[PDB]
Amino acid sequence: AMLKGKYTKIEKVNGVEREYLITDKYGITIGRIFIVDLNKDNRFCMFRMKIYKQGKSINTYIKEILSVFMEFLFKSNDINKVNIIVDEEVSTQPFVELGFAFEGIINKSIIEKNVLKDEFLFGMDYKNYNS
């Protein structure tokens, strides 16, 4: 069971609950999605998207990943509100171009080789998605 876009794939990680692997069509890992909060009564899903540090721009790919996964959450899972936590290093352009709101900045939630880094909090609701 997976999700397919033109250049990307999203698949559940075999051993692990709430973890999904993002790859390209040769099966090289782009990153991973981790479900952080899911509540069916609130129709609410919040996840963390890790993207490997890229040597080049992959904004078209990020846009696809987000588009693929949102379609899944909103249209195949009854979600009303989706939030996405991402390291501030990830390119914020794809999010803004797809219509996500910046809902906050989670300061100093990442420690990476001994420096604390910030995360962005993005949000989108069904109304937003479906307009």
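All residue numbers are counted from 1 along the displayed sequence.
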On mean C-alpha B-factor from the PDB entry, just flag whether 88-96 or 68-76 is the higher one.
88-96
Quick check for you: using the entry's CA B-factors within this chain, is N114 in the lowest, middle or highest third?
highest
Relative C-alpha B-factor of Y61, binned into the chain's lowest, middle or highest third:
middle
Relative to the other modelled residues in the chain, which third contains the C-alpha temperature factor of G31: lowest, middle or highest?
lowest
Select lowest, middle or highest to describe the third in which the CA B-factor of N107 falls within its chain in this entry.
middle
Would you please rank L121 by its C-alpha temperature factor against the other modelled residues of its chain and give the third it falls in: lowest, middle or highest?
lowest
